[PDB]
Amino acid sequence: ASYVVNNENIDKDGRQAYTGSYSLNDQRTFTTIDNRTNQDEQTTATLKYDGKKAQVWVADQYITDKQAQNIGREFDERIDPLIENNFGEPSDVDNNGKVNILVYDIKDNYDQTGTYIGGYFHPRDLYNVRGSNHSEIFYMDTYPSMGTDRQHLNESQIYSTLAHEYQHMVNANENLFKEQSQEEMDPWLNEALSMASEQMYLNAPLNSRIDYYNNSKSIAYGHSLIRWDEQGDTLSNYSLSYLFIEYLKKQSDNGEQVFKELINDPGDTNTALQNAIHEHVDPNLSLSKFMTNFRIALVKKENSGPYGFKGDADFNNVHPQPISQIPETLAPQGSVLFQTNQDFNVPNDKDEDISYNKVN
């Protein structure tokens, strides 16, 4: 027998719950971040593309003009329409109608660890504060994101990351500047939506995120969907966020159109999700139960109903790893798949937020 065990608390900051007893070539200097030390530093870049919606600034001398033009055209022709039609629009704090794409070798510890940063967006750039470039800008890595041969960097490897970062930018605009609350979306769902935009751009599933899900020990032993593990196994959060937003896409009667509704909802993140579920999934289904159903769907993948992804083949290789010993506690929206071949009774002293759901 197997059971999906979930902490149904939707407060990401909630407590541990007990599971029970048993001109071209112009120059500009930008602030960048040395991610080995988190110190600000200065990077001078050259303008290599000046298009309708994007300016491509280059500060890696191995990148050619044609490569920079390819990046700019991809943004103007494909990324910007995708994001504006399905997610939102950027701020324009510098009043120029465009966004900056700074293409350079993001500084990190890849040489020592093999882990690298591909790109990022920093909301401080939208304000008059220390380190700000006072512009819509996102930062795109060259080496090793485009490959490990600096003589043959493949710029098209970064294109889906363009969508990822632009989603962060327009999400920030809506929630920080266009809404009274000026409160960011909860990071787990902001990242989810960035990864949804990557899948839309690629017209293909993010198989590396699924592979990571399938091999993650932290996920198998209860990693939280909503508590973002900044200091620990952050890749597990990326994988859970991605699968959740794809689950919502498949469960929603308006599919990908739900993404912009989540961003533009004036409520907090859980309110936005609850509204989407009530309007597009089931008017009597709570967010907490929808999230439990998500965990069940990863296991069963039923070709119809709440316990799957509507048979979408993009998700057929997802395989939750069962465990034999349930952790003593689970974080909010942390879940495990428990299997036993002996008789099993749900503990009567489990915390009320812990739900046991028999699979098979």
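Heads up: residue numbers just count along the shown sequence, starting at 1.
Novice: Quick one: classify how much of the deposited chain lacks coordinates between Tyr22 and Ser23, choosing none, 1 to 3, 4 to 9, or 10 or more.
Specialist: Gap between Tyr22 and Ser23: 10 or more residues without coordinates.
Novice: Tell me which stretch has the larger mean Cα B-factor in this entry, 175-183 or 118-126.
Specialist: Higher mean C-alpha B-factor in the PDB entry: 175-183.
Novice: Should the higher mean CA B-factor in the entry be assigned to 9-17 or to 342-350?
Specialist: Per the PDB entry, the higher value belongs to 342-350.
Novice: Reading the B-factor column of the entry, which of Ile158, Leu102, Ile263, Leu235 has the highest value at its C-alpha atom?
Specialist: Comparing C-alpha B-factors across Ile158, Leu102, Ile263, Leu235, the maximum falls on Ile158.
Novice: Please work out which residue in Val56, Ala45, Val299, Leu330 has the highest C-alpha B-factor recorded for this crystal structure.
Specialist: That would be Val299.
Novice: Should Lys66 be placed in the lowest, middle or highest third of its chain by the C-alpha B factor in the entry?
Specialist: CA B-factor rank for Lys66: middle third.
Novice: Could you look up the Cα B-factor of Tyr307 in the entry and say which third of the chain it sits in: lowest, middle or highest?
Specialist: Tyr307: CA B-factor falls in the middle third of its chain.
Novice: Based on the entry's values, in what third of the chain does the Cα temperature factor of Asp50 lie: lowest, middle or highest?
Specialist: Middle third, going by the recorded CA B-factors of the chain.
Novice: According to the PDB entry, is the CA B factor of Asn316 in the bottom, middle or top third of its chain, that is, lowest, middle or highest?
Specialist: Highest third - that is where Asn316 ends up once the chain's C-alpha B-factors are sorted.
Novice: Could you place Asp268 in the lowest, middle or highest third of its chain by Cα temperature factor, using the values in the record?
Specialist: For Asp268, whose C-alpha B-factor we compare with every modelled residue in the chain, the answer is the middle third.
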